[PDB]
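Shown next, in structure tokens, is the structure this report addresses.
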Amino acid sequence: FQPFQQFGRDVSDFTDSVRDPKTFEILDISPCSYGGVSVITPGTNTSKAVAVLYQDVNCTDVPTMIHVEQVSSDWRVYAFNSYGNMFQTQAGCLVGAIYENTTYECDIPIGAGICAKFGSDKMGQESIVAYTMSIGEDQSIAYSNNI
Amino acid sequence: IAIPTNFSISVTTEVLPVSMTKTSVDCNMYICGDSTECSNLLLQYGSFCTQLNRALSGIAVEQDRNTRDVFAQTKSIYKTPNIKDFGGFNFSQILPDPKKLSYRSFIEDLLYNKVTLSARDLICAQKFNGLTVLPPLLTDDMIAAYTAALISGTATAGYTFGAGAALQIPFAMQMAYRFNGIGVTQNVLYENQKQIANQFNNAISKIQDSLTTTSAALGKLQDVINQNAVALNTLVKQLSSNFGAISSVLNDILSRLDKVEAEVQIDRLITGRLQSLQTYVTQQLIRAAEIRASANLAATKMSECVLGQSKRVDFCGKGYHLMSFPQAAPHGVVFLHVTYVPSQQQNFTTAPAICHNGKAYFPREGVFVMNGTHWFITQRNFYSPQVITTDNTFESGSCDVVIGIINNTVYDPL
Amino acid sequence: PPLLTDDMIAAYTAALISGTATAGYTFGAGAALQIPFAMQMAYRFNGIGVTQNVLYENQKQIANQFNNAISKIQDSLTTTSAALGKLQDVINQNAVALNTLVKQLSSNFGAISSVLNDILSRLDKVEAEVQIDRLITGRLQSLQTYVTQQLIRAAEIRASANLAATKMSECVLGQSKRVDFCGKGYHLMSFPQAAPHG
Amino acid sequence: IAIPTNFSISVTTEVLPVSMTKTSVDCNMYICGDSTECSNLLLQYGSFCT
Ligand SMILES: *[C@@H]1O[C@H](CO)[C@@H](O)[C@H](O)[C@H]1NC(C)=O
Ligand SMILES: *[C@@H]1O[C@H](CO)[C@@H](O)[C@H](O)[C@H]1NC(C)=O
Ligand SMILES: *[C@@H]1O[C@H](CO)[C@@H](O)[C@H](O)[C@H]1NC(C)=O
Ligand SMILES: *[C@@H]1O[C@H](CO)[C@@H](O)[C@H](O)[C@H]1NC(C)=O
Ligand SMILES: *[C@@H]1O[C@H](CO)[C@@H](O)[C@H](O)[C@H]1NC(C)=O
Ligand SMILES: *[C@@H]1O[C@H](CO)[C@@H](O)[C@H](O)[C@H]1NC(C)=O
Ligand SMILES: *[C@@H]1O[C@H](CO)[C@@H](O)[C@H](O)[C@H]1NC(C)=O
Ligand SMILES: *[C@@H]1O[C@H](CO)[C@@H](O)[C@H](O)[C@H]1NC(C)=O
Ligand SMILES: *[C@@H]1O[C@H](CO)[C@@H](O)[C@H](O)[C@H]1NC(C)=O
Ligand SMILES: *[C@@H]1O[C@H](CO)[C@@H](O)[C@H](O)[C@H]1NC(C)=O
């Protein structure tokens with residue numbers, strides 16, 4: 001800052017920094033809930049089970065950007081890797097859904113070639129799974145000069 | 001009359017946008033900066049923001065629908081053959097390489113970095129005010145796989161795999177069928193196959209020089225990227241407007257005035273920011289309509305020129321259309337149209353009909369052309385003179401009244 | 001003013017007409033190739049499906065019927081004044097939209113007057129603000145509505161111009177086999193004529 | 001079956017618009033005019049006119 005600067009503004013004209021009046025140090029201000037959060041569900045008539053997708057953050061520091069120390073009690077199970085359900089995607093990560101290797105037809109689009117659906121053939125009958133969508137199947141037609 | 005005696009093979013390249021970027025907005029972060037006494041005032045305005053969210057969600061769904069409609073045409077991907085012995089035609093430049101570092105062909109690699117998708121950065125200012133960008137559903141690897149399955153499958157199975165099952169056919173016989181579909185016989189192919197292959201191989205290679213050194217050939221596809229960035233940058237700068245209030249910051253108003261005098265100046269900021277959001281949604285809808293029209297044109301071009309041979313004049317290329325090759329591009333598609341154009345010409349004297357011994361004779365699929373000594377018959381698109389027989393002509397009527405008829409004999413094989 | 005004056009558009013149409021007749025349709029796909037007009041018409045008749053026999057035996061009848069079918073357009077255009085309404089409403093809409101925008105300046109928008117001079121000469125600087133902001137917002141809204149309607153009309157005209165461009169590309173310098181794309185019966189040839197804004 | 005024995009040649013006229021008139025506007029003389037007291041006030045509304 002300048003020697004007489006007291007607060008710093010942004011291009012959209014809001015304070016993102018301030019100088020503490022007692023101890024002359026600089027502090028940053030950011031919104032305490034910024035960034036998108038998406039909830040993936042089947043129908044409410046179907047059994048209630050949701051998955052939470054964080055948009056553009058890594059998922060080794062979800063509790064940093066969600067402030068788990070003051071969030072509600074039922075939100076802590078969607079911000080930790082106690083169960084094997086937190087896996088990282090290209091469009092963020094999914095909490096509450098298990099990954100599958102077999103490709104299917106897309107049901108609930110998520111992004112970056114990853115979809116979701118209710119139920120599985122693995123036992124799991126109420127948990128929702130996440131998979132990579134399929135674009136068809138291999139055919140491998142053969143070429144010859146006189147056929 | 002003028003009839004060509006030679007021809008050349010050219011490759012034409014055009015681009016057209018297919019989809020644009022998907023965006024999302026949050027009113028409770030844009031209109032108010034985490035002010036619990038601004039959310040209550042915003043709540044008494046109705047369901048404008050649900051309308052904006054539904055409009056933006058519809059645009060985002062339509063953007064994925066466009067790229068699903070354009071590229072997904074076969075629903076059965078074909079494995080790329082390791083050999084490229086297609087009768088002398090080199091398909092290595094438009095097909096993905098074996099043991100490839102990047103999962104796409106060389107031409108779409110060369111045009112991927114030709115366009116650019118991209119500390120007081122504007123991205124953090126957009127993120128702090130609820131402006132986010134959603135990734136597309138189909139990644140570029142699947143689009144490259146779709147284009148590769150179209151290419152390997154157009155070359156090794158003809159155009160018939162787009163209407164029914166795939167039929168195996170040699171490449172040269174397909175070339176003869178397409179040449180016959182132009183109007184010229186399947187004679188200039190088999191007698192000049194090496195010339196056709198050698199001219200096609202460097203007509204393909206000239207696209208590398210036409211795309212690498214020369215710029216501004218993908219400006220239509222760069223403007224789509226630029227417009228979203230300009231519209232998002234001009235929206236975050238409207239937050240620094242008074243709109244008739246004492247300040248552009250809600251914290252300056254709320255800390256300096258009591259609660260009763262606060263609404264009369266908060267309302268002006270709320271109305272101005274709502275008007276800015278209305279405007280942004282309006283040009284987003286209009287641009288989405290234009291992109292939808294362009295994507296429909298790209299889809300019908302994909303259907304009619306890659307999966308078949310089109311007889312419509314100047315729909316895919318300049319001259320007589322033979323085939324097309326699709327190439328993946330960021331937010332668009334690139335078409336490589338192979339056409340047939342005649343090059344040289346030579347003057348000739350022609351006649352409408354020939355009266356042999358009182359009966360007129362008219363040609364079929366050709367014209368009457370003499371070379372200086374006697375008369376022949378030849379096709380219009382290539383100078384291939386043939387002797388006039390009774391099979392090349394048909395008797396019809398009398399020769400007493402035909403404008404410009406001449407006297408000549410007709411060969412009888414008996 | 002437009003960049004292309006009407007003389008240059010007329011020159012473009014004349015260069016299309018002289019070149020469609022003396023060189024066939026092949027001038028647009030490659031170089032121009034010379035061909036007599038009777039042989040070109042016989043080739044087009046063969047492209048319809050009828051053999052190239054009914055032309056050479058009836059050429060005078062074809063010419064005589066073409067020459068007065070063309071001349072009937074003189075009576076079809078000179079008397080009737082409803083064929084170019086699609087070309088006249090485009091002219092009318094811009095004039096109506098420009099005239100209705102200049103008449104919005106005579107509205108109060110909740111202020112004491114529609115004139116800035118009446119407000120500024122009767123009120124001090126502190127309370128002229130709240131009554132000039134209403135006029136500013138009303139005039140800004142009046143401009144924004146006009147811009148949005150102009151954008152929508154521009155999209156419509158762009159679609160119509162794309163249709164005109166593909167019709168010119170497929171029917172003037174080519175013969176189209178699509179049903180009812182150019183005419184009613186079996187298409188033989190087309191001739192473009194320049195028009196104001198169309 | 002029915003087969004024609006004669007034919008006629010017709011000329012069809014169809015019209016369609018290509019372009020409209022180009023227009024331009026100036027905010028500073030539409031919203032205010034020559035009043036400099038409200039030019040500064042229009043300056044506080046942002047970049048709508050751009
Ligand atoms: C203000 O007073 C506090 C209390 O002792 C002290 O810690 C701080 O250093 C002071 N700041 C000054 C003198 O700038
Ligand atoms: C849930 O779905 C079942 C099966 O269609 C239906 O019978 C039931 O009525 C639904 N529940 C409600 C509350 O409508
Ligand atoms: C997320 O993790 C990846 C790999 O661990 C790293 O490359 C990237 O920089 C990380 N992003 C952030 C925002 O920390
Ligand atoms: C699924 O794929 C992953 C990654 O390729 C692999 O580690 C795993 O063994 C596979 N099978 C199962 C059942 O997860
Ligand atoms: C036709 O043009 C090609 C390319 O210039 C040339 O190689 C060939 O010899 C030409 N044909 C004749 C008959 O001259
Ligand atoms: C095809 O083009 C590549 C490009 O370098 C070349 O190496 C190759 O020899 C050409 N021919 C074949 C049959 O691959
Ligand atoms: C054909 O004749 C025209 C004039 O009648 C002439 O301009 C043209 O050059 C001639 N073509 C050739 C190939 O000599
Ligand atoms: C015309 O063709 C005939 C038959 O091929 C040939 O004998 C004659 O020399 C040719 N004349 C010219 C001028 O090319
Ligand atoms: C063709 O021959 C007939 C008689 O054999 C003659 O009357 C007629 O004039 C000739 N036509 C031409 C064009 O020389
Ligand atoms: C066909 O119609 C034209 C125009 O009415 C007429 O002149 C001609 O005689 C008709 N043909 C026959 C065979 O009647």
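Ordered as shown in the structure tokens, chains take letters A, B, and onward, while each chain numbers its residues from 1 and ligands are numbered from 1 in the order shown.
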Which residues form the shell of 10 Å around ligand 2 when you count only C-alpha atoms and all ligand atoms, given as a compact mmCIF listing (two decimals) with C-alpha atoms, in the first residue's frame?
# COMPACT_ATOMS: atom_id res chain seq x y z
CA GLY A 43 -36.55 -37.83 -7.84
CA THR A 44 -37.88 -37.00 -4.38
CA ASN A 45 -40.45 -39.78 -4.82
CA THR A 46 -37.46 -42.09 -5.28
CA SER A 47 -35.29 -42.72 -2.19
Distance limit 8 Å, atoms considered: only C-alpha atoms. Which chain B residues sit that close to chain C? Return them as a PyMOL selection string.
chain B and resi 1-3+244+286+290+312-314+318-320+341-343+345+352+362+396+401-403
For the residues selected in the previous step, produce a file with C-alpha atoms as a PDB file, in the first residue's frame.
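Output below, filename out.pdb:
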ATOM      1  CA  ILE B   1     -18.355 -24.551 -78.237  1.00  0.00           C
ATOM      2  CA  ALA B   2     -15.604 -24.767 -75.619  1.00  0.00           C
ATOM      3  CA  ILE B   3     -14.700 -28.113 -74.048  1.00  0.00           C
ATOM      4  CA  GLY B 244     -28.214   8.129  -8.808  1.00  0.00           C
ATOM      5  CA  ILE B 286     -29.990 -13.487 -29.248  1.00  0.00           C
ATOM      6  CA  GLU B 290     -27.607 -17.146 -34.014  1.00  0.00           C
ATOM      7  CA  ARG B 312     -26.472 -28.771 -55.201  1.00  0.00           C
ATOM      8  CA  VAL B 313     -24.438 -26.026 -56.859  1.00  0.00           C
ATOM      9  CA  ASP B 314     -21.865 -24.421 -54.519  1.00  0.00           C
ATOM     10  CA  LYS B 318     -16.465 -24.195 -55.590  1.00  0.00           C
ATOM     11  CA  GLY B 319     -16.459 -26.782 -58.386  1.00  0.00           C
ATOM     12  CA  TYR B 320     -18.025 -30.212 -58.721  1.00  0.00           C
ATOM     13  CA  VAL B 341     -12.522 -28.117 -61.526  1.00  0.00           C
ATOM     14  CA  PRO B 342     -11.584 -28.050 -65.226  1.00  0.00           C
ATOM     15  CA  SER B 343      -8.481 -26.037 -66.075  1.00  0.00           C
ATOM     16  CA  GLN B 345     -10.165 -25.335 -72.800  1.00  0.00           C
ATOM     17  CA  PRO B 352     -27.158 -29.622 -83.010  1.00  0.00           C
ATOM     18  CA  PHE B 362     -29.427 -36.525 -81.923  1.00  0.00           C
ATOM     19  CA  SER B 396     -36.198 -39.358 -84.163  1.00  0.00           C
ATOM     20  CA  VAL B 401     -36.570 -28.600 -90.293  1.00  0.00           C
ATOM     21  CA  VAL B 402     -33.745 -28.428 -87.735  1.00  0.00           C
ATOM     22  CA  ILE B 403     -31.997 -25.098 -87.152  1.00  0.00           C
TER      23      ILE B 403
END
Find the residues of chain A that sit at most 10 Å from ligand 3; for each, write down the nearest two atoms and how far apart they are in Å, to one decimal. Count only C-alpha atoms and all ligand atoms. Sort by chain, then by number going up, and give it as JSON lines.
{"residue": "A:56", "atom": "CA", "partner": "ligand 3", "partner_atom_place_in_ligand_line": "13 (C)", "distance": 8.2}
{"residue": "A:57", "atom": "CA", "partner": "ligand 3", "partner_atom_place_in_ligand_line": "13 (C)", "distance": 6.1}
{"residue": "A:58", "atom": "CA", "partner": "ligand 3", "partner_atom_place_in_ligand_line": "1 (C)", "distance": 4.9}
{"residue": "A:59", "atom": "CA", "partner": "ligand 3", "partner_atom_place_in_ligand_line": "1 (C)", "distance": 7.9}
{"residue": "A:60", "atom": "CA", "partner": "ligand 3", "partner_atom_place_in_ligand_line": "1 (C)", "distance": 8.2}
{"residue": "A:61", "atom": "CA", "partner": "ligand 3", "partner_atom_place_in_ligand_line": "14 (O)", "distance": 8.3}
{"residue": "A:88", "atom": "CA", "partner": "ligand 3", "partner_atom_place_in_ligand_line": "2 (O)", "distance": 9.6}
{"residue": "A:92", "atom": "CA", "partner": "ligand 3", "partner_atom_place_in_ligand_line": "1 (C)", "distance": 9.7}
Expected file: the selected residues, N, CA, C and O atoms, as a PDB file, in the first residue's frame:
ATOM      1  N   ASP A  56     -15.039 -25.718  -9.165  1.00  0.00           N
ATOM      2  CA  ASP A  56     -13.686 -25.560  -9.692  1.00  0.00           C
ATOM      3  C   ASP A  56     -12.663 -25.484  -8.570  1.00  0.00           C
ATOM      4  O   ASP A  56     -11.800 -24.601  -8.553  1.00  0.00           O
ATOM      5  N   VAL A  57     -12.737 -26.409  -7.618  1.00  0.00           N
ATOM      6  CA  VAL A  57     -11.758 -26.483  -6.543  1.00  0.00           C
ATOM      7  C   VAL A  57     -11.182 -27.890  -6.493  1.00  0.00           C
ATOM      8  O   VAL A  57     -11.830 -28.866  -6.887  1.00  0.00           O
ATOM      9  N   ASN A  58      -9.941 -27.986  -6.024  1.00  0.00           N
ATOM     10  CA  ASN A  58      -9.397 -29.278  -5.650  1.00  0.00           C
ATOM     11  C   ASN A  58     -10.097 -29.775  -4.392  1.00  0.00           C
ATOM     12  O   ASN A  58     -10.704 -29.005  -3.641  1.00  0.00           O
ATOM     13  N   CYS A  59     -10.024 -31.081  -4.165  1.00  0.00           N
ATOM     14  CA  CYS A  59     -10.767 -31.688  -3.071  1.00  0.00           C
ATOM     15  C   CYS A  59      -9.854 -32.313  -2.023  1.00  0.00           C
ATOM     16  O   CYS A  59     -10.248 -33.241  -1.314  1.00  0.00           O
ATOM     17  N   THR A  60      -8.630 -31.805  -1.922  1.00  0.00           N
ATOM     18  CA  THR A  60      -7.844 -31.935  -0.707  1.00  0.00           C
ATOM     19  C   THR A  60      -8.040 -30.752   0.230  1.00  0.00           C
ATOM     20  O   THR A  60      -7.537 -30.783   1.358  1.00  0.00           O
ATOM     21  N   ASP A  61      -8.757 -29.717  -0.210  1.00  0.00           N
ATOM     22  CA  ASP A  61      -9.007 -28.523   0.591  1.00  0.00           C
ATOM     23  C   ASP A  61     -10.453 -28.054   0.443  1.00  0.00           C
ATOM     24  O   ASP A  61     -10.727 -26.852   0.363  1.00  0.00           O
ATOM     25  N   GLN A  88     -11.948 -37.240  -7.378  1.00  0.00           N
ATOM     26  CA  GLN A  88     -11.746 -35.998  -8.113  1.00  0.00           C
ATOM     27  C   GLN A  88     -12.056 -36.191  -9.592  1.00  0.00           C
ATOM     28  O   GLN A  88     -11.586 -37.149 -10.213  1.00  0.00           O
ATOM     29  N   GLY A  92     -14.307 -30.608 -10.978  1.00  0.00           N
ATOM     30  CA  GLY A  92     -14.424 -30.577  -9.535  1.00  0.00           C
ATOM     31  C   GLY A  92     -14.336 -31.963  -8.936  1.00  0.00           C
ATOM     32  O   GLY A  92     -13.502 -32.766  -9.361  1.00  0.00           O
TER      33      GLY A  92
END
- Item | Proximal residues of chain A relative to chain B (only C-alpha atoms; 9 Å) as number ranges by chain | A: 10-14, 30-36, 55, 91, 109-115, 135-147
Once you have the residues from the selection above, write them out as an mmCIF file, in the first residue's frame, restricted to N, CA and C atoms.
data_model
loop_
_atom_site.group_PDB
_atom_site.id
_atom_site.type_symbol
_atom_site.label_atom_id
_atom_site.label_comp_id
_atom_site.auth_asym_id
_atom_site.auth_seq_id
_atom_site.Cartn_x
_atom_site.Cartn_y
_atom_site.Cartn_z
ATOM 1 N N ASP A 10 -11.366 -2.842 -5.806
ATOM 2 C CA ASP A 10 -11.287 -3.812 -6.885
ATOM 3 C C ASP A 10 -11.805 -3.142 -8.157
ATOM 4 N N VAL A 11 -11.685 -3.845 -9.289
ATOM 5 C CA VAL A 11 -12.210 -3.339 -10.556
ATOM 6 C C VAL A 11 -13.728 -3.200 -10.487
ATOM 7 N N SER A 12 -14.392 -4.127 -9.799
ATOM 8 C CA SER A 12 -15.824 -4.028 -9.545
ATOM 9 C C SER A 12 -16.148 -3.184 -8.316
ATOM 10 N N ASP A 13 -15.149 -2.489 -7.765
ATOM 11 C CA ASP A 13 -15.309 -1.475 -6.719
ATOM 12 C C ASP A 13 -15.895 -2.064 -5.431
ATOM 13 N N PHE A 14 -15.156 -3.008 -4.854
ATOM 14 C CA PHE A 14 -15.437 -3.470 -3.503
ATOM 15 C C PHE A 14 -14.110 -3.694 -2.793
ATOM 16 N N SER A 30 -12.170 -11.738 1.385
ATOM 17 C CA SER A 30 -12.825 -12.525 0.358
ATOM 18 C C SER A 30 -14.180 -12.968 0.885
ATOM 19 N N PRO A 31 -15.154 -13.212 0.005
ATOM 20 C CA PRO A 31 -16.457 -13.702 0.471
ATOM 21 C C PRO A 31 -16.331 -15.057 1.152
ATOM 22 N N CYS A 32 -17.112 -15.245 2.211
ATOM 23 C CA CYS A 32 -17.011 -16.457 3.011
ATOM 24 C C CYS A 32 -17.778 -17.627 2.415
ATOM 25 N N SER A 33 -18.488 -17.416 1.310
ATOM 26 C CA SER A 33 -19.041 -18.520 0.532
ATOM 27 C C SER A 33 -19.087 -18.059 -0.920
ATOM 28 N N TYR A 34 -18.035 -18.368 -1.673
ATOM 29 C CA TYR A 34 -17.959 -18.031 -3.085
ATOM 30 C C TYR A 34 -17.554 -19.269 -3.870
ATOM 31 N N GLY A 35 -18.026 -19.340 -5.109
ATOM 32 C CA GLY A 35 -17.858 -20.534 -5.911
ATOM 33 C C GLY A 35 -19.142 -21.335 -5.963
ATOM 34 N N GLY A 36 -19.365 -22.044 -7.065
ATOM 35 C CA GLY A 36 -20.613 -22.757 -7.236
ATOM 36 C C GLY A 36 -20.621 -24.107 -6.544
ATOM 37 N N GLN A 55 -17.501 -26.842 -7.859
ATOM 38 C CA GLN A 55 -17.341 -26.535 -9.278
ATOM 39 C C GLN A 55 -15.882 -26.586 -9.719
ATOM 40 N N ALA A 91 -14.270 -31.615 -13.602
ATOM 41 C CA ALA A 91 -15.134 -30.483 -13.272
ATOM 42 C C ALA A 91 -15.346 -30.353 -11.770
ATOM 43 N N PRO A 109 -26.332 -35.469 -16.761
ATOM 44 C CA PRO A 109 -25.034 -34.910 -17.158
ATOM 45 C C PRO A 109 -24.419 -34.062 -16.055
ATOM 46 N N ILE A 110 -23.113 -34.241 -15.857
ATOM 47 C CA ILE A 110 -22.349 -33.508 -14.856
ATOM 48 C C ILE A 110 -21.331 -32.580 -15.510
ATOM 49 N N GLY A 111 -20.577 -33.092 -16.465
ATOM 50 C CA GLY A 111 -19.590 -32.312 -17.188
ATOM 51 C C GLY A 111 -18.328 -33.118 -17.419
ATOM 52 N N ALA A 112 -17.604 -32.745 -18.481
ATOM 53 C CA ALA A 112 -16.340 -33.373 -18.888
ATOM 54 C C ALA A 112 -16.488 -34.878 -19.106
ATOM 55 N N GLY A 113 -17.575 -35.275 -19.762
ATOM 56 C CA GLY A 113 -17.774 -36.669 -20.113
ATOM 57 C C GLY A 113 -18.098 -37.586 -18.957
ATOM 58 N N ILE A 114 -18.679 -37.055 -17.884
ATOM 59 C CA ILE A 114 -19.024 -37.837 -16.704
ATOM 60 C C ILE A 114 -20.501 -37.621 -16.408
ATOM 61 N N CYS A 115 -21.240 -38.715 -16.234
ATOM 62 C CA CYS A 115 -22.664 -38.665 -15.940
ATOM 63 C C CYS A 115 -22.940 -39.408 -14.639
ATOM 64 N N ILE A 135 -19.710 -43.321 -26.202
ATOM 65 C CA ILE A 135 -19.979 -42.692 -27.486
ATOM 66 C C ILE A 135 -20.201 -43.735 -28.580
ATOM 67 N N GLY A 136 -20.494 -44.977 -28.190
ATOM 68 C CA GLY A 136 -20.692 -46.060 -29.129
ATOM 69 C C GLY A 136 -19.831 -47.262 -28.778
ATOM 70 N N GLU A 137 -19.653 -48.143 -29.760
ATOM 71 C CA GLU A 137 -18.855 -49.343 -29.569
ATOM 72 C C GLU A 137 -17.942 -49.529 -30.771
ATOM 73 N N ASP A 138 -16.841 -50.243 -30.544
ATOM 74 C CA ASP A 138 -15.878 -50.496 -31.606
ATOM 75 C C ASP A 138 -16.449 -51.462 -32.636
ATOM 76 N N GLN A 139 -16.127 -51.218 -33.901
ATOM 77 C CA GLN A 139 -16.569 -52.066 -35.001
ATOM 78 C C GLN A 139 -15.417 -52.723 -35.743
ATOM 79 N N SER A 140 -14.365 -51.960 -36.059
ATOM 80 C CA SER A 140 -13.125 -52.453 -36.671
ATOM 81 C C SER A 140 -13.389 -53.144 -38.012
ATOM 82 N N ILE A 141 -13.887 -52.356 -38.966
ATOM 83 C CA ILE A 141 -14.133 -52.865 -40.308
ATOM 84 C C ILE A 141 -12.805 -53.043 -41.037
ATOM 85 N N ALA A 142 -12.721 -54.083 -41.864
ATOM 86 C CA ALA A 142 -11.494 -54.431 -42.566
ATOM 87 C C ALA A 142 -11.527 -53.904 -43.993
ATOM 88 N N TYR A 143 -10.362 -53.497 -44.491
ATOM 89 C CA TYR A 143 -10.217 -52.950 -45.831
ATOM 90 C C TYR A 143 -9.393 -53.893 -46.695
ATOM 91 N N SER A 144 -9.841 -54.090 -47.933
ATOM 92 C CA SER A 144 -9.118 -54.890 -48.907
ATOM 93 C C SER A 144 -9.266 -54.246 -50.277
ATOM 94 N N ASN A 145 -8.312 -54.542 -51.158
ATOM 95 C CA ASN A 145 -8.274 -53.937 -52.480
ATOM 96 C C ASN A 145 -9.139 -54.658 -53.506
ATOM 97 N N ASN A 146 -9.610 -55.872 -53.210
ATOM 98 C CA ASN A 146 -10.451 -56.599 -54.155
ATOM 99 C C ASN A 146 -11.591 -57.333 -53.458
ATOM 100 N N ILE A 147 -12.197 -56.721 -52.442
ATOM 101 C CA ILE A 147 -13.316 -57.312 -51.714
ATOM 102 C C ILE A 147 -14.440 -56.286 -51.648
#
message: Distance limit 10 Å, reference ligand 10, atoms considered: only C-alpha atoms and all ligand atoms. Which residues make the cut? Give them as a PyMOL selection string.
response: (chain C and resi 58+61-62+64-65) or (chain D and resi 5-9)
Problem - Residues near residue C:107, cut-off 10 Å, only C-alpha atoms, skip fewer than 4 positions along chain, as an NGL selection string - result: :C and (103 or 111 or 113-115 or 135 or 138-139)
Exercise for review: Work out how far apart atom CA of residue B:383 and atom 5 (O, counted along the ligand's line) of ligand 8 are and give it in Å to one decimal.
Suggested key: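 These two atoms are separated by 12.6 Å.
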Q.
One decimal, in Å: what's the spacing between atom CA of residue B:389 and atom CA of residue B:410?
A.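 Straight-line distance from atom CA of residue B:389 to atom CA of residue B:410 works out to 5.6 Å.
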*asked:* as a ChimeraX atom specification, please: every protein or nucleic acid residue near ligand 6 (cut-off 12 Å, counting only C-alpha atoms and all ligand atoms).
replied: /B:82-95,97-98,106-107,197-198,200-202,204-205,208
For this session: DSSP on the backbone, then: every residue of stretch 10-156 of chain B marked strand (DSSP E), written as an MDAnalysis selection string.
Result: chainID B and resid 10:17 22:24 132:134
Export of the given selection (N, CA, C and O atoms) as a tab-separated table (two decimals), in the first residue's frame:
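What ended up in again.tsv:
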chain	number	residue	atom	x	y	z
B	10	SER	N	-8.85	-29.55	-56.23
B	10	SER	CA	-8.61	-28.54	-55.21
B	10	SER	C	-9.29	-28.94	-53.91
B	10	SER	O	-10.26	-29.70	-53.90
B	11	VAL	N	-8.77	-28.42	-52.80
B	11	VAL	CA	-9.32	-28.65	-51.47
B	11	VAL	C	-9.71	-27.30	-50.89
B	11	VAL	O	-8.87	-26.39	-50.81
B	12	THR	N	-10.97	-27.17	-50.48
B	12	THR	CA	-11.52	-25.93	-49.97
B	12	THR	C	-11.79	-26.07	-48.47
B	12	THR	O	-12.28	-27.10	-48.02
B	13	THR	N	-11.46	-25.02	-47.72
B	13	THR	CA	-11.57	-25.03	-46.26
B	13	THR	C	-12.45	-23.87	-45.82
B	13	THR	O	-12.18	-22.72	-46.17
B	14	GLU	N	-13.50	-24.17	-45.06
B	14	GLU	CA	-14.31	-23.15	-44.42
B	14	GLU	C	-14.63	-23.58	-42.99
B	14	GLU	O	-14.66	-24.77	-42.68
B	15	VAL	N	-14.85	-22.59	-42.13
B	15	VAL	CA	-15.17	-22.83	-40.73
B	15	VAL	C	-16.50	-22.17	-40.41
B	15	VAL	O	-16.93	-21.24	-41.09
B	16	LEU	N	-17.16	-22.69	-39.37
B	16	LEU	CA	-18.42	-22.13	-38.91
B	16	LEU	C	-18.65	-22.56	-37.47
B	16	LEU	O	-18.39	-23.72	-37.14
B	17	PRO	N	-19.09	-21.66	-36.59
B	17	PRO	CA	-19.23	-22.01	-35.18
B	17	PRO	C	-20.38	-22.97	-34.93
B	17	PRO	O	-21.38	-22.99	-35.65
B	22	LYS	N	-20.83	-21.87	-21.88
B	22	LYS	CA	-21.97	-21.92	-20.97
B	22	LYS	C	-21.63	-21.14	-19.71
B	22	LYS	O	-20.57	-21.35	-19.11
B	23	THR	N	-22.51	-20.23	-19.31
B	23	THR	CA	-22.29	-19.37	-18.17
B	23	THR	C	-23.45	-19.49	-17.18
B	23	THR	O	-24.53	-19.96	-17.52
B	24	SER	N	-23.19	-19.06	-15.95
B	24	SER	CA	-24.18	-19.10	-14.89
B	24	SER	C	-23.98	-17.89	-13.99
B	24	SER	O	-22.86	-17.42	-13.82
B	132	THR	N	-19.77	-17.58	-13.16
B	132	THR	CA	-19.02	-18.82	-13.35
B	132	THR	C	-19.20	-19.31	-14.78
B	132	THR	O	-20.15	-18.96	-15.48
B	133	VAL	N	-18.26	-20.15	-15.22
B	133	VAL	CA	-18.28	-20.76	-16.54
B	133	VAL	C	-18.31	-22.27	-16.36
B	133	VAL	O	-17.42	-22.84	-15.71
B	134	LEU	N	-19.32	-22.91	-16.93
B	134	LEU	CA	-19.50	-24.36	-16.84
B	134	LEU	C	-18.76	-25.06	-17.97
B	134	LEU	O	-18.78	-24.59	-19.11
Subject >> Environment of ligand 8 within 10 Å, counting only C-alpha atoms and all ligand atoms, reported as a VMD selection string >> reply: chain B and resid 370 to 376 385 to 387
Q.
What's around stretch 26-36 of chain D at 10 Å? Count only C-alpha atoms, leave out sequence neighbours fewer than 3 positions away in its own chain, and write the answer as a list in words.
A.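 The residues satisfying every condition are residues 102, 105, 115, 116, 117, 120, 132, 135, 136, 137, 138, 139, 140, 142 and 143 of chain C; 39, 40, 41, 42, 43, 48, 49 and 50 of chain D.
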Worksheet item: How would you write, as a list in words, the set of residues no farther than 9 Å from ligand 1 when counting only C-alpha atoms and all ligand atoms?
Response: residues 21, 22, 23 and 24 of chain A
Taking C-alpha atoms for each residue, export the selection above as a compact mmCIF listing (two decimals), in the first residue's frame.
# COMPACT_ATOMS: atom_id res chain seq x y z
CA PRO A 21 -5.55 0.57 12.50
CA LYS A 22 -3.76 -0.76 15.60
CA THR A 23 -1.02 -2.96 14.11
CA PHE A 24 -0.07 -1.62 10.68
